[PDB]
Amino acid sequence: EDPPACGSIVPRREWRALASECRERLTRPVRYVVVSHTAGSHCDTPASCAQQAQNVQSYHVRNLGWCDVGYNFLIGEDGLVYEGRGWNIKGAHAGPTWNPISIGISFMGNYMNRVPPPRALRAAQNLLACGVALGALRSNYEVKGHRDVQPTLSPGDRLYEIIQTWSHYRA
């Protein structure tokens, strides 16, 4: 099938995700990666983070009326990546101009007066490289924050700083 691979991603069903209704595809290979924070509660164990992913999706689908959680990927302080829309489905995280050219990843928590643990940061970087190896991301993809993209206070000041120091980062 999808033999347990690429990016140690927690599958949708494992975090009890509502089935998606999104159909819009993304054109492979994606050039951009936009990083953001949820401004929601944070979590530091697989159990609590799977519940947090369900909580974020519930808000997006039930209250905002979206086809699925808006991010392509969610990152938890448990150091695991959670499958959102994924690699081949357009997301709702960075406006009408980006959503079609990127993969959107978000850290579950508020990184205003906080910084995600090293394990969360490693998960993020594990995920992307996996994207390249699949052909979903261009080998020389560029990483942007949610400030460089849209009028926002996310991915959080302390997190924006770290992302800036990244090899594939583009001002």
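Rigid core: the largest C-alpha set superposing within 1.5 Å between the two forms. So that there is no doubt, residue numbering starts at 1 and follows the sequence shown.
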item: Higher-deviation stretch (C-alpha RMS, rigid core fit) in 9 other deposited structures of this protein, choosing from 6-14 and 21-29; value: 6-14
item: Mean C-alpha temperature factor, higher of 46-54 and 121-129; value: 121-129
item: Between the two ranges 110-118 and 66-74, the one averaging a larger CA B factor in the entry; value: 110-118
item: Residue, from 103, 61, 39, 134, that the PDB entry assigns the highest Cα B-factor; value: 134
item: Third of the chain, ranked by Cα B-factor, where residue 153 sits; value: highest
item: Ranked C-alpha temperature factor of residue 24 among modelled chain residues, by third; value: highest
item: Chain thirds of CA B-factor: placement of residue 82; value: lowest
